[PDB]
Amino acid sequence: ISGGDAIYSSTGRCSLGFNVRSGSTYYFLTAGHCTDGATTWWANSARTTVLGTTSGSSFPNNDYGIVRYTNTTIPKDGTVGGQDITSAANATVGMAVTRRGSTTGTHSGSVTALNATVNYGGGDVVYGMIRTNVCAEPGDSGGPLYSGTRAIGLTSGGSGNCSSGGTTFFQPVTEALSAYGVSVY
């Protein structure tokens, strides 16, 4: 399993962000709004292949969560689809980026602003987000935003769609790596 692949909770489907590790403990990052209230995660809709259990969740304010792998046999590629990821980096305005998600697949675009505030309503406000002109659709939440071999962010939300075009906001991955003391590989 790799960045962008589907992940299922008891409530719905999101996308795997990046596979990360600490010492010899493997985890995966995804959106906080997906880990919120989720305990167990599966690799399929049939819930027959277990992935692991939620170890942390930060949403709203931020939008990241982490799941500890409990499945011993499943491959945990340090890639996004086939694309190798070797480091994490800070987003900059004008940066060319790529997103991969379980519903829409791979779409590209540019970072158009930083430190954006996104109000999802009902008090769910997230801050410090990366704004881009990349589309995203339901199911894409938590998927990776990368640039070349660099991990940049995790899909949080936005508006529009891939047919007409849209705006998507991402949580900077560096903040998540730091919070959990993990790193990409």
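Numbers for residues come from their place in the sequence shown, where the first is 1.
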query: Which of 2 to 10 and 176 to 184 has higher mean CA B factor, as the PDB entry lists it; finding: 176 to 184
query: Stretch with the higher entry mean CA B-factor, where the candidates are 115 to 123 and 52 to 60; finding: 115 to 123
query: Largest Cα B-factor, entry values, listed residues 38, 134, 29, 129; finding: 38
query: Candidate set 102, 92, 108, 79 [ranked by C-alpha B-factor, highest]; finding: 79
query: Where the record places residue 146 (Cα B-factor, split into thirds across the chain); finding: lowest
query: Among modelled residues of the same chain, the CA temperature factor third for residue 157; finding: middle
query: Lowest, middle or highest third - CA B-factor, residue 22; finding: highest
query: Third of the chain's Cα B-factor distribution that residue 167 belongs to, per the entry; finding: middle
query: Position of residue 46 among the chain's modelled residues by C-alpha B-factor, lowest, middle or highest third; finding: highest
